[PDB]
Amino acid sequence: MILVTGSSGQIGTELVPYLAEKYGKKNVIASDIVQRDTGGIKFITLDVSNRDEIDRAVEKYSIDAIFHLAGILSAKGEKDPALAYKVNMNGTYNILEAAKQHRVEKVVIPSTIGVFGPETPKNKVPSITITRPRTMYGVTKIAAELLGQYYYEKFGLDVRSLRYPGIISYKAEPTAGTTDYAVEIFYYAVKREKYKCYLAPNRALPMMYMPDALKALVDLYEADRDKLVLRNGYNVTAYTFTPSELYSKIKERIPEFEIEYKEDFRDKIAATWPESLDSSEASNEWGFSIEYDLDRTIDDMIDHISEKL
């Protein structure tokens, strides 16, 4: 059975039914400290910073695999680093130990471009590169990638991870995250309202659409245990763009749309990250691939965001 922690997040919201559709409705169990509609799929409240709660859940549902999504993101982490550290650091440690302790075949941890810092090359950055994160979030994530690879090499625990860039999606509502401007913008656009962007006009960052984000995670998860070499830290991306670019492209569809720039601390966060990633390793080892280019995600988002507003 599959346990998904932090199932109520941007990813978890869609990953759950995605998994249910592919593996069976009662072979998946959603969990978080905040509950949301799981379309019938079994849900349980689980605090990842409490080792006891994790063990008991693994016990009762005979957990076979774990998609560990619980954690605090970059923006919220800078507003409350003590919290980011507690849930991210203590949290992923607890799950690793709980997984190693019991009979857990696999554990997938989504990593982030946040593991990068200002010394990291800005373009075509490969998976093996400099990793000196400047945010509490990025520190806890690089720690996660290393802890996972260590548990694998040391105890054989099959933990894998890929680094997601900014993710565009419509099912889950934005949460003021560093890269969330790429989602908030569509909401203002469909309402033909002026949007106040918090990242610089030319703040280039790698991004991808949720559909490809989901497939990438499951493909990583379905990869043969003995065919993965990098295993942890796979750079994954679909395209790179600036807020200014996304704006103009959306304007081509909704010309009335207006935008203004009022950057804050989140732009300082984004400035420490690379603009584009090289994902050859993910494609070479487990065939990672994108089927939604920018044009396709823009139209798709407008379509979905308008229909639900």
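One rule holds for the numbers: they count along the sequence shown, beginning at 1.
Comparing 102 to 110 with 177 to 185, the one whose average Cα B-factor in the PDB entry is higher: That would be 102 to 110.
Taking only the CA atoms, which stretch has the higher mean B-factor in the record, 113 to 121 or 151 to 159? Stretch with the greater average CA B-factor: 151 to 159.
Pick out which of 171, 132, 76, 141 has the highest C-alpha B-factor in the PDB entry. Spelled out: the listed residue with the top C-alpha B-factor is 171.
Checklist entry - Whose C-alpha has the highest temperature factor in the PDB entry: 48, 269, 277, 246? => result Highest C-alpha B-factor among the listed options: 48.
Of the three thirds of its chain by CA temperature factor, lowest, middle or highest, which one includes residue 237?
Within its chain, residue 237 is a middle-third residue by C-alpha B-factor, going by the deposited values.
- Sorting the chain's modelled residues by C-alpha B-factor, tell me whether residue 93 ends up in the lowest, middle or highest third. Residue 93: CA B-factor falls in the middle third of its chain.
Margin query: Going by the CA temperature factor in the PDB record, which third of the chain does residue 261 belong to: lowest, middle or highest?
Written below: As the PDB entry reports it, the C-alpha B-factor of residue 261 lands in the middle third of its chain.
Which third, lowest, middle or highest, does the C-alpha temperature factor of residue 146 belong to within its own chain?
Bottom third by C-alpha B-factor.
Margin query: Is residue 215 in the lowest, middle or highest third of its chain when residues are ranked by C-alpha B-factor?
Written below: For residue 215, the deposited C-alpha B-factor lands in the middle third.
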